[PDB]
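Q: Okay, here's the structure, questions in a sec.
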Number of protein chains: 4
Amino acid sequence: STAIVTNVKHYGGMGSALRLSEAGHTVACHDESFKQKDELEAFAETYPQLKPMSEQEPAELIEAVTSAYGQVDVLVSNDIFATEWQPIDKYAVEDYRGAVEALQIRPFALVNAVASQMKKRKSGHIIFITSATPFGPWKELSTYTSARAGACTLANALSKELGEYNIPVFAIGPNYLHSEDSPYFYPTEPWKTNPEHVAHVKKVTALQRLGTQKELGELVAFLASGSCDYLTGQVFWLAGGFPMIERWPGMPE
Amino acid sequence: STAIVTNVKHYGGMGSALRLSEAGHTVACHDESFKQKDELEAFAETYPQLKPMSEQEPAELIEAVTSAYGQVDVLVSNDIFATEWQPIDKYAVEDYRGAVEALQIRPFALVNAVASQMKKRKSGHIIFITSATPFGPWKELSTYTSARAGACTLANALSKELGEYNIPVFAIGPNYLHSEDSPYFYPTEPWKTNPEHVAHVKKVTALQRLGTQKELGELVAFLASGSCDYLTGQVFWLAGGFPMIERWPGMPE
Amino acid sequence: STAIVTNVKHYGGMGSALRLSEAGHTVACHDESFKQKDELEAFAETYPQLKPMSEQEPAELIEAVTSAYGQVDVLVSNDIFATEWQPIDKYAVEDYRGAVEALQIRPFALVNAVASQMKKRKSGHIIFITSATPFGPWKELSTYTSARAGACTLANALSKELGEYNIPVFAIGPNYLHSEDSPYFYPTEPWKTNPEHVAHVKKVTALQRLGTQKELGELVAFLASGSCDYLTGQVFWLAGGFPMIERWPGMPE
Amino acid sequence: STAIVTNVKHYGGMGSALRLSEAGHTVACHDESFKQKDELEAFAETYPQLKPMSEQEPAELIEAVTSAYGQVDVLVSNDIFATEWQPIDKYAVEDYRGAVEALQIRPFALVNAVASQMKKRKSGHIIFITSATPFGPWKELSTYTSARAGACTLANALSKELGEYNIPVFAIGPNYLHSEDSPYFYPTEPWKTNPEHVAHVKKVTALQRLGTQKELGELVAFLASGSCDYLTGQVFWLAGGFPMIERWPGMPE
């Protein structure tokens, strides 16, 4: 079984790839840095169980992995975009354009490229990593939030046609996921260190902590494993019970 | 009070313009066909209560109406897109891109242009016309369905930031809205004539009929009146009880 | 046209009753205080446009209004229940039974009693005043919240069978609805007087204010008017943009 | 670790208890028929890894299992209720009362009895087996459908308070979950043996098949493993892509 995990250095990329590997998949990895030969080799050295690819664009990635490992069985579109808190009228229109390109068009493109080989053999697993922000939106994050919602509905809508070919489709929408060295979106600094940040996280989640790469990775492996295909179409909120809702005056923390 | 309704010939364009004009708003009306003087001036003869405009692109549209009528008080983004049932692997990536430009980036651009003046007055009403398809996705309509979902969350996210400036933001998402002579998306032929189309609507909606422009016009006017601003954030499902879910074997219609 | 509003003194009862009357409905009013001829006659004096009934049980409440005005056209089940913040293990099970009785059984019993005459003349309007609590749960309000959610879905489920009879069904879920002198659930005091409470409502809603009885009443009258039946099965969040979600450290409110 | 599965011969009970035992939980099993010596003993010789109990009532069961095996670590409220297709005016009000008792009060009562011990040690796992009918309600199932939706929100709200104490709370809403010999709610005969039923499941699910008990049991065992507590508060729609929303005339199945 061959897996593809994108932007592997960021977001839920590492927890996906490491736990898919441990579960017996062959895991090919995309990342923007893998354009530079040193960074692809530094990573392939540090994680010899992972197979970093240099391919950057969606279609060529699917063919590069289909060529080298025979097929693509599991697609994890781990999508990222660097956003900015802005009031609506401060955005430029191209700001929304890049957001939909990185969080909506990119996963659509990969499914577009991998679908026929999955449909023809009637086997496959597709997982979008989206965002839990559609579920409780902060103000002044209009582009990133609305785009992630288009990705959630894309996964849901795709499950409706892909089920007849036995291809389950999933959307994992995290929030407050510890991203370690990656800045998307909760690096150890400052979310694990700065006490104003650790106290924010204890307030806004139910579990009063960040989620872990292992947790995200366990979910990806479980859905990728074929053990529960009947969840096809599900949007998962991986946000530790976010959002916590502000209660009336006089109520304890 | 001055209103803007887009693509006024199609979807819920007529009901919005026709009913906002009765509630006393000045209704500027946009449409692709108003590019040609002949089409625009025919429309203003047929509809003396309405004010057609030649301007077609977002910033120009806000400018012209603000120039002619002093300000833009109500924004009805009546958004449309040429559809096409298709499996995921048969779209071109350009098919999604265009679907997102028309159904996400365009309402965004309009809000992006008009928000500062509304925010200046600390008043305004913004209504996206979207789609009930995200609430019950059909298979093989994944570009139009997911794009429309991004437009709903954009409305809801926007409401969080603009409420501070006393601007409600709403999304009306319709399905099975009788579009008279417009092919977007339920023209009289065949949807009121063909006995297979007629029995489809009876089966899949709870009220067993198409939706009227008057009903959408009434909803748009109600929201733009300032009588129920406290509904801000709402995605309305204007779909007669769609979807009707298929019951067990041997059960009546 | 003849309408019933329950618990008229509390929650969305006064706004419903008053605005329904201004639109020309005969408004018969149920309330627990109307058991004393005292309270009934004082209400009838203060509100001569409203018709307070003594009947308390749902079946005989429906029949008495039917016997006095011929038929019931609009049902507004304005349900309430006295609430207690509790950890789950500190409730008695009876606390939840009482909550379900007031918030699911009661509106069920009323529609159980009124639906035949509505179905028969193939006209009628049913509106539940539920709650916006299911949309963003506070911790330690599990009984009241899960109960209101049951009523939200009962409204949506009722719309599926009743549209065949041209009966639309609605749920309206308020949060931070100013209830004047009613303690259910946002009386003028403390919520418009104590500046800590004033700051809480400015923090948690997008419009930074309470809802008004009139806003709720305009929504009910609009729904009850037959102007927009295609919205059947809708759950309206009348919570002024609640919930606002607490943002990252260092970010303005 | 000790787990309790209720109504274990029915619905998602056999998959919950079989799969949880394979993961090395002690699975105490509650079921109605275990009031009979011969029923409980037969079950125990056929399933030597499961521990059937005779206790029926919620407080009695938790205490028995805490008595025999020290504590309750995992609770699976597999709640079941017989009902009929019927219009709203045909139910007695007692029919909804019973639905609420069997599908809402009982899960509540189990958590109310066990929450205190789980909170004391700040560890535990609570899973409700509810229903996916609230996601796509059929007409004329208002009592069951709405009760289930109240259990879903019970789970979600309970997660917001038990997160502090590190107790994740989940709901799992099946539909078209094949139930083998149990009549709740998709027994093998007729759903896999009759062609009229075989085609219905092919039409209304995206995967065109029923859900196996192993799939539910795998889900239950995953959430009870402590490998993904960050999912706490999730309602999972274990229904295989249900519902498949009927498409325009002339379009193929």
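Residues are referred to by chain and number: the chain letter is A, B, ... according to the order shown in the structure tokens, the number counts from 1 in that chain, and ligands are numbered separately from 1 in the order shown.
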Could you pull out the residues in range 24-244 of chain B that DSSP calls strand (DSSP E or B) from the backbone, as a PDB file with N, CA and C atoms, in the first residue's frame?
A:
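The new file selection-v5.pdb reads:
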ATOM      1  N   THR B  26     -34.370  51.970  -3.516  1.00  0.00           N
ATOM      2  CA  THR B  26     -33.926  52.145  -4.895  1.00  0.00           C
ATOM      3  C   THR B  26     -33.073  50.939  -5.306  1.00  0.00           C
ATOM      4  N   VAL B  27     -33.471  50.269  -6.384  1.00  0.00           N
ATOM      5  CA  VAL B  27     -32.871  49.001  -6.777  1.00  0.00           C
ATOM      6  C   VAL B  27     -32.011  49.156  -8.028  1.00  0.00           C
ATOM      7  N   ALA B  28     -30.703  49.379  -7.850  1.00  0.00           N
ATOM      8  CA  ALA B  28     -29.768  49.229  -8.968  1.00  0.00           C
ATOM      9  C   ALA B  28     -29.646  47.760  -9.380  1.00  0.00           C
ATOM     10  N   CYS B  29     -29.664  47.504 -10.683  1.00  0.00           N
ATOM     11  CA  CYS B  29     -29.724  46.134 -11.186  1.00  0.00           C
ATOM     12  C   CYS B  29     -28.596  45.878 -12.171  1.00  0.00           C
ATOM     13  N   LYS B  51     -33.582  50.209 -11.779  1.00  0.00           N
ATOM     14  CA  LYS B  51     -32.532  51.053 -12.353  1.00  0.00           C
ATOM     15  C   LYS B  51     -31.389  50.198 -12.889  1.00  0.00           C
ATOM     16  N   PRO B  52     -31.384  49.847 -14.169  1.00  0.00           N
ATOM     17  CA  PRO B  52     -30.290  49.023 -14.700  1.00  0.00           C
ATOM     18  C   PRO B  52     -28.990  49.807 -14.786  1.00  0.00           C
ATOM     19  N   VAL B  74     -27.840  48.245   0.636  1.00  0.00           N
ATOM     20  CA  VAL B  74     -28.132  46.819   0.661  1.00  0.00           C
ATOM     21  C   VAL B  74     -27.370  46.166  -0.477  1.00  0.00           C
ATOM     22  N   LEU B  75     -26.702  45.049  -0.186  1.00  0.00           N
ATOM     23  CA  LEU B  75     -25.968  44.283  -1.190  1.00  0.00           C
ATOM     24  C   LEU B  75     -26.622  42.913  -1.315  1.00  0.00           C
ATOM     25  N   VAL B  76     -27.217  42.634  -2.468  1.00  0.00           N
ATOM     26  CA  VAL B  76     -27.732  41.305  -2.777  1.00  0.00           C
ATOM     27  C   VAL B  76     -26.833  40.757  -3.879  1.00  0.00           C
ATOM     28  N   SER B  77     -25.914  39.869  -3.504  1.00  0.00           N
ATOM     29  CA  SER B  77     -25.041  39.167  -4.446  1.00  0.00           C
ATOM     30  C   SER B  77     -25.774  37.929  -4.968  1.00  0.00           C
ATOM     31  N   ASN B  78     -26.433  38.071  -6.107  1.00  0.00           N
ATOM     32  CA  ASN B  78     -27.212  36.978  -6.697  1.00  0.00           C
ATOM     33  C   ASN B  78     -26.302  36.274  -7.709  1.00  0.00           C
ATOM     34  N   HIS B 125     -26.840  46.091   4.842  1.00  0.00           N
ATOM     35  CA  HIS B 125     -27.304  44.710   4.846  1.00  0.00           C
ATOM     36  C   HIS B 125     -26.689  44.006   3.652  1.00  0.00           C
ATOM     37  N   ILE B 126     -26.091  42.837   3.895  1.00  0.00           N
ATOM     38  CA  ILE B 126     -25.440  42.044   2.854  1.00  0.00           C
ATOM     39  C   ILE B 126     -26.099  40.665   2.790  1.00  0.00           C
ATOM     40  N   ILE B 127     -26.541  40.279   1.598  1.00  0.00           N
ATOM     41  CA  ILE B 127     -27.229  39.021   1.387  1.00  0.00           C
ATOM     42  C   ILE B 127     -26.575  38.321   0.200  1.00  0.00           C
ATOM     43  N   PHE B 128     -25.893  37.205   0.462  1.00  0.00           N
ATOM     44  CA  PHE B 128     -25.477  36.323  -0.623  1.00  0.00           C
ATOM     45  C   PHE B 128     -26.623  35.390  -0.963  1.00  0.00           C
ATOM     46  N   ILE B 129     -26.952  35.290  -2.253  1.00  0.00           N
ATOM     47  CA  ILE B 129     -27.708  34.156  -2.776  1.00  0.00           C
ATOM     48  C   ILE B 129     -26.705  33.066  -3.144  1.00  0.00           C
ATOM     49  N   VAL B 169     -25.035  40.186   8.052  1.00  0.00           N
ATOM     50  CA  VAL B 169     -24.652  39.437   6.851  1.00  0.00           C
ATOM     51  C   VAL B 169     -25.420  38.126   6.833  1.00  0.00           C
ATOM     52  N   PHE B 170     -26.040  37.809   5.690  1.00  0.00           N
ATOM     53  CA  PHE B 170     -26.845  36.605   5.542  1.00  0.00           C
ATOM     54  C   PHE B 170     -26.518  35.875   4.246  1.00  0.00           C
ATOM     55  N   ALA B 171     -26.786  34.580   4.253  1.00  0.00           N
ATOM     56  CA  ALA B 171     -26.769  33.771   3.047  1.00  0.00           C
ATOM     57  C   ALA B 171     -28.137  33.121   2.900  1.00  0.00           C
ATOM     58  N   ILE B 172     -28.779  33.335   1.755  1.00  0.00           N
ATOM     59  CA  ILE B 172     -29.965  32.576   1.364  1.00  0.00           C
ATOM     60  C   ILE B 172     -29.499  31.558   0.354  1.00  0.00           C
ATOM     61  N   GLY B 173     -29.649  30.280   0.685  1.00  0.00           N
ATOM     62  CA  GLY B 173     -29.289  29.216  -0.210  1.00  0.00           C
ATOM     63  C   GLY B 173     -30.515  28.471  -0.672  1.00  0.00           C
ATOM     64  N   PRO B 174     -30.919  28.713  -1.904  1.00  0.00           N
ATOM     65  CA  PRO B 174     -32.140  28.078  -2.416  1.00  0.00           C
ATOM     66  C   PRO B 174     -31.894  26.826  -3.258  1.00  0.00           C
ATOM     67  N   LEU B 177     -36.008  26.672  -6.858  1.00  0.00           N
ATOM     68  CA  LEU B 177     -36.580  28.008  -7.005  1.00  0.00           C
ATOM     69  C   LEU B 177     -36.910  28.235  -8.479  1.00  0.00           C
ATOM     70  N   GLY B 211     -40.179  26.649  -5.722  1.00  0.00           N
ATOM     71  CA  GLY B 211     -40.230  27.884  -4.953  1.00  0.00           C
ATOM     72  C   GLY B 211     -40.546  29.074  -5.845  1.00  0.00           C
ATOM     73  N   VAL B 235     -27.422  31.094   7.540  1.00  0.00           N
ATOM     74  CA  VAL B 235     -27.618  30.479   6.237  1.00  0.00           C
ATOM     75  C   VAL B 235     -29.064  29.986   6.203  1.00  0.00           C
ATOM     76  N   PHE B 236     -29.876  30.593   5.347  1.00  0.00           N
ATOM     77  CA  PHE B 236     -31.239  30.146   5.134  1.00  0.00           C
ATOM     78  C   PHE B 236     -31.235  29.082   4.051  1.00  0.00           C
ATOM     79  N   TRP B 237     -32.046  28.034   4.241  1.00  0.00           N
ATOM     80  CA  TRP B 237     -32.223  26.971   3.256  1.00  0.00           C
ATOM     81  C   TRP B 237     -33.596  27.156   2.620  1.00  0.00           C
ATOM     82  N   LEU B 238     -33.615  27.656   1.389  1.00  0.00           N
ATOM     83  CA  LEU B 238     -34.830  28.068   0.728  1.00  0.00           C
ATOM     84  C   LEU B 238     -35.174  27.016  -0.320  1.00  0.00           C
TER      85      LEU B 238
END
Q: Would you kindly return, as a ChimeraX atom specification, each protein, DNA or RNA residue with an atom no farther than 7 Å from any atom of residue 188 in chain D, considering only C-alpha atoms and excluding same-chain residues fewer than 4 positions away?
A: /D:178-181,192-193
Q: So which residues touch range 132-148 of chain A within 6 Å, counting only C-alpha atoms, skipping near sequence neighbours fewer than 3 positions away, as a count of residues only?
A: 18
Q: Give me, as a Markdown table, the closest atom pair and its distance (Å, one decimal) for every residue of chain C within a cut-off of 12 Å of chain A, counting only C-alpha atoms, rows sorted by chain and rising number.
A:
| residue | atom | partner | partner_atom | distance |
| --- | --- | --- | --- | --- |
| C:85 | CA | A:251 | CA | 9.2 |
| C:86 | CA | A:251 | CA | 11.3 |
| C:133 | CA | A:245 | CA | 10.0 |
| C:134 | CA | A:245 | CA | 11.3 |
| C:135 | CA | A:136 | CA | 9.8 |
| C:136 | CA | A:245 | CA | 6.4 |
| C:137 | CA | A:245 | CA | 6.5 |
| C:138 | CA | A:245 | CA | 5.4 |
| C:139 | CA | A:245 | CA | 7.8 |
| C:140 | CA | A:247 | CA | 10.0 |
| C:141 | CA | A:247 | CA | 10.5 |
| C:176 | CA | A:248 | CA | 10.8 |
| C:185 | CA | A:248 | CA | 11.8 |
| C:186 | CA | A:248 | CA | 11.0 |
| C:190 | CA | A:249 | CA | 10.5 |
| C:191 | CA | A:249 | CA | 10.2 |
| C:194 | CA | A:249 | CA | 10.1 |
| C:195 | CA | A:249 | CA | 10.5 |
| C:196 | CA | A:249 | CA | 7.0 |
| C:197 | CA | A:249 | CA | 6.5 |
| C:198 | CA | A:249 | CA | 10.0 |
| C:199 | CA | A:249 | CA | 9.5 |
| C:200 | CA | A:249 | CA | 7.2 |
| C:201 | CA | A:248 | CA | 9.1 |
| C:202 | CA | A:246 | CA | 11.7 |
| C:203 | CA | A:246 | CA | 8.7 |
| C:204 | CA | A:246 | CA | 6.9 |
| C:205 | CA | A:246 | CA | 10.4 |
| C:206 | CA | A:139 | CA | 9.1 |
| C:241 | CA | A:137 | CA | 10.7 |
| C:242 | CA | A:245 | CA | 9.5 |
| C:243 | CA | A:245 | CA | 7.2 |
| C:244 | CA | A:138 | CA | 7.0 |
| C:245 | CA | A:138 | CA | 5.5 |
| C:246 | CA | A:204 | CA | 7.2 |
| C:247 | CA | A:138 | CA | 6.4 |
| C:248 | CA | A:200 | CA | 7.3 |
| C:249 | CA | A:197 | CA | 6.5 |
| C:250 | CA | A:196 | CA | 9.2 |
| C:251 | CA | A:85 | CA | 9.5 |
| C:252 | CA | A:139 | CA | 10.6 |
| C:253 | CA | A:139 | CA | 9.7 |
Q: May I have the selected residues written with N, CA and C atoms, as a CSV table (one decimal), in the first residue's frame?
A:
chain,number,residue,atom,x,y,z
C,85,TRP,N,-27.3,25.4,36.3
C,85,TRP,CA,-26.0,25.0,35.9
C,85,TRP,C,-25.6,23.8,36.8
C,86,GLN,N,-25.3,22.7,36.2
C,86,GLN,CA,-24.9,21.5,36.9
C,86,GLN,C,-23.9,20.6,36.2
C,133,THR,N,-28.8,27.5,22.2
C,133,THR,CA,-27.8,26.7,23.0
C,133,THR,C,-27.2,25.5,22.3
C,134,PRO,N,-28.0,24.7,21.6
C,134,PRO,CA,-27.3,23.5,20.9
C,134,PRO,C,-26.2,23.9,19.9
C,135,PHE,N,-26.3,25.2,19.4
C,135,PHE,CA,-25.3,25.6,18.4
C,135,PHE,C,-23.9,25.9,19.0
C,136,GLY,N,-23.9,26.4,20.3
C,136,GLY,CA,-22.6,26.5,21.0
C,136,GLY,C,-22.8,26.2,22.5
C,137,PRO,N,-22.6,25.0,22.9
C,137,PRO,CA,-22.9,24.6,24.3
C,137,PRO,C,-22.0,25.3,25.3
C,138,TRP,N,-22.6,25.9,26.3
C,138,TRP,CA,-21.9,26.1,27.5
C,138,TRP,C,-21.6,24.8,28.2
C,139,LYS,N,-20.5,24.7,29.0
C,139,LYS,CA,-20.4,23.5,29.8
C,139,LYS,C,-21.4,23.6,31.0
C,140,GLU,N,-21.9,22.4,31.4
C,140,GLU,CA,-22.7,22.3,32.6
C,140,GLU,C,-24.2,22.8,32.4
C,141,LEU,N,-24.7,22.7,31.2
C,141,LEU,CA,-26.1,23.0,30.9
C,141,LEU,C,-26.7,21.8,30.1
C,176,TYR,N,-29.6,35.3,24.1
C,176,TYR,CA,-29.5,36.7,24.4
C,176,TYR,C,-30.7,37.5,23.9
C,185,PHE,N,-35.1,34.6,29.4
C,185,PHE,CA,-34.0,34.2,30.1
C,185,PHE,C,-33.0,35.3,30.2
C,186,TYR,N,-33.4,36.6,29.9
C,186,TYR,CA,-32.5,37.7,29.9
C,186,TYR,C,-33.2,39.0,30.3
C,190,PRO,N,-30.5,41.6,35.4
C,190,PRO,CA,-29.3,42.5,35.4
C,190,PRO,C,-28.8,42.9,34.0
C,191,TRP,N,-29.4,42.4,33.0
C,191,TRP,CA,-28.6,42.3,31.7
C,191,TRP,C,-28.5,43.6,31.0
C,194,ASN,N,-26.4,45.9,35.1
C,194,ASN,CA,-25.0,45.6,35.6
C,194,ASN,C,-24.0,45.7,34.4
C,195,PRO,N,-23.0,46.6,34.5
C,195,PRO,CA,-22.1,46.8,33.4
C,195,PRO,C,-21.2,45.6,33.2
C,196,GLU,N,-21.0,44.6,34.1
C,196,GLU,CA,-20.4,43.4,33.8
C,196,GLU,C,-21.2,42.6,32.8
C,197,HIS,N,-22.5,42.5,33.1
C,197,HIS,CA,-23.4,41.8,32.1
C,197,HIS,C,-23.4,42.5,30.8
C,198,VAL,N,-23.4,43.8,30.8
C,198,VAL,CA,-23.4,44.6,29.6
C,198,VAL,C,-22.1,44.2,28.8
C,199,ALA,N,-21.0,44.1,29.4
C,199,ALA,CA,-19.8,43.8,28.7
C,199,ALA,C,-19.8,42.3,28.2
C,200,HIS,N,-20.4,41.4,28.9
C,200,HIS,CA,-20.5,40.0,28.5
C,200,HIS,C,-21.2,39.9,27.2
C,201,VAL,N,-22.4,40.6,27.0
C,201,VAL,CA,-23.2,40.5,25.8
C,201,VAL,C,-22.4,41.2,24.7
C,202,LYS,N,-21.7,42.3,24.9
C,202,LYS,CA,-20.9,42.9,23.9
C,202,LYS,C,-19.7,42.0,23.5
C,203,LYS,N,-19.2,41.2,24.4
C,203,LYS,CA,-18.2,40.2,24.0
C,203,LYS,C,-18.7,39.0,23.2
C,204,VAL,N,-19.9,38.5,23.6
C,204,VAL,CA,-20.2,37.1,23.0
C,204,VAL,C,-21.1,37.2,21.8
C,205,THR,N,-21.7,38.3,21.4
C,205,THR,CA,-22.6,38.4,20.2
C,205,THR,C,-21.9,39.3,19.2
C,206,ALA,N,-22.2,39.1,17.9
C,206,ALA,CA,-21.6,39.9,16.9
C,206,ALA,C,-22.1,41.3,16.9
C,241,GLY,N,-25.5,36.8,16.2
C,241,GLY,CA,-24.2,36.5,15.8
C,241,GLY,C,-23.4,35.6,16.8
C,242,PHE,N,-24.0,35.3,17.9
C,242,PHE,CA,-23.5,34.4,18.9
C,242,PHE,C,-23.4,33.0,18.1
C,243,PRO,N,-22.3,32.2,18.4
C,243,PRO,CA,-21.3,32.7,19.3
C,243,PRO,C,-20.1,33.4,18.7
C,244,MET,N,-19.6,34.4,19.3
C,244,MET,CA,-18.3,35.0,19.0
C,244,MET,C,-17.3,34.0,19.6
C,245,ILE,N,-16.2,33.8,18.9
C,245,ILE,CA,-15.2,32.9,19.4
C,245,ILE,C,-13.9,33.7,19.8
C,246,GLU,N,-13.4,33.3,21.0
C,246,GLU,CA,-12.3,34.0,21.6
C,246,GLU,C,-11.0,33.9,20.8
C,247,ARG,N,-10.4,35.0,20.4
C,247,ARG,CA,-9.3,35.0,19.5
C,247,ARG,C,-8.0,34.9,20.1
C,248,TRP,N,-6.9,34.8,19.3
C,248,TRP,CA,-5.6,34.6,19.8
C,248,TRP,C,-5.1,35.7,20.8
C,249,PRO,N,-4.1,35.4,21.6
C,249,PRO,CA,-3.5,36.5,22.4
C,249,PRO,C,-3.1,37.7,21.6
C,250,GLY,N,-3.2,38.9,22.3
C,250,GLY,CA,-2.8,40.1,21.6
C,250,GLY,C,-3.8,40.6,20.6
C,251,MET,N,-5.0,40.2,20.5
C,251,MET,CA,-6.0,40.5,19.5
C,251,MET,C,-7.1,41.3,20.1
C,252,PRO,N,-7.4,42.5,19.5
C,252,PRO,CA,-8.5,43.3,20.0
C,252,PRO,C,-9.9,42.5,20.1
C,253,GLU,N,-10.7,43.0,21.0
C,253,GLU,CA,-12.0,42.4,21.1
C,253,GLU,C,-13.0,43.0,20.1
Q: Where in range 12-239 of chain A does DSSP assign helix (DSSP H, G or I), given as an NGL selection string?
A: :A and (13-22 or 32-35 or 37-46 or 58-69 or 88-90 or 93-121 or 142-165 or 188-191 or 195-204 or 213-224 or 229-231)
Q: Rounded to one decimal in Å, what is the spacing between CA of residue 30 in chain B and CA of residue 44 in chain B?
A: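 So the two atoms, CA of residue 30 in chain B and CA of residue 44 in chain B, lie 11.7 Å apart.
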Q: For CA of residue 21 in chain C and CA of residue 88 in chain D, quote the distance in Å rounded to one decimal.
A: 28.1 Å
Q: Show me, as a ChimeraX atom specification, the residues that have an atom within 10 Å of range 55-64 of chain B when counting only C-alpha atoms, minus same-chain residues fewer than 4 positions from it.
A: /B:4,6-7,28-35,68-72,75,106-115,117
Q: Using only C-alpha atoms, can you tell me which of B:42, B:239, B:92, B:102 comes closest to residue 163 in chain C?
A: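 Distance minimum relative to residue 163 in chain C lands on B:239.
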Q: Point out the residue among B:46, B:1, B:182, B:156 with the least atom-to-atom distance to residue 231 in chain B, counting only C-alpha atoms.
A: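 Of B:46, B:1, B:182, B:156, the one nearest residue 231 in chain B, counting only C-alpha atoms, is B:156.
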Q: Set the distance at 7 Å and use only C-alpha atoms: which residues neighbour residue 218 in chain C once local chain neighbours fewer than 2 positions away are removed? I'd like the list as number ranges by chain.
A: B: 227-228; C: 19, 214-216, 220-222
Q: Can you spit out the residues from that selection as an mmCIF file, in the first residue's frame, using N, CA and C atoms?
A:
data_model
loop_
_atom_site.group_PDB
_atom_site.id
_atom_site.type_symbol
_atom_site.label_atom_id
_atom_site.label_comp_id
_atom_site.auth_asym_id
_atom_site.auth_seq_id
_atom_site.Cartn_x
_atom_site.Cartn_y
_atom_site.Cartn_z
ATOM 1 N N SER B 227 -35.664 44.945 10.405
ATOM 2 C CA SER B 227 -36.609 44.459 11.404
ATOM 3 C C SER B 227 -36.131 43.218 12.152
ATOM 4 N N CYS B 228 -35.180 42.465 11.600
ATOM 5 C CA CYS B 228 -34.679 41.253 12.236
ATOM 6 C C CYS B 228 -33.169 41.119 12.020
ATOM 7 N N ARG C 19 -46.689 41.263 17.960
ATOM 8 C CA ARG C 19 -46.518 41.426 16.519
ATOM 9 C C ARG C 19 -47.517 40.587 15.722
ATOM 10 N N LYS C 214 -39.282 42.685 19.698
ATOM 11 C CA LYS C 214 -39.827 43.063 18.399
ATOM 12 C C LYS C 214 -39.131 42.326 17.265
ATOM 13 N N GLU C 215 -37.803 42.184 17.339
ATOM 14 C CA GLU C 215 -37.087 41.435 16.315
ATOM 15 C C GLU C 215 -37.606 40.005 16.245
ATOM 16 N N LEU C 216 -37.743 39.357 17.409
ATOM 17 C CA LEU C 216 -38.316 38.017 17.451
ATOM 18 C C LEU C 216 -39.743 38.022 16.911
ATOM 19 N N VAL C 220 -41.519 35.951 13.721
ATOM 20 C CA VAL C 220 -42.672 35.065 13.862
ATOM 21 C C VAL C 220 -43.807 35.500 12.945
ATOM 22 N N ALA C 221 -44.091 36.806 12.877
ATOM 23 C CA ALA C 221 -45.166 37.285 12.002
ATOM 24 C C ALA C 221 -44.847 37.038 10.532
ATOM 25 N N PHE C 222 -43.599 37.286 10.127
ATOM 26 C CA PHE C 222 -43.190 37.007 8.756
ATOM 27 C C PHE C 222 -43.401 35.533 8.420
#
Q: Tell me, in Å to one decimal, how far CA of residue 164 in chain A is from CA of residue 2 in chain A.
A: 21.8 Å
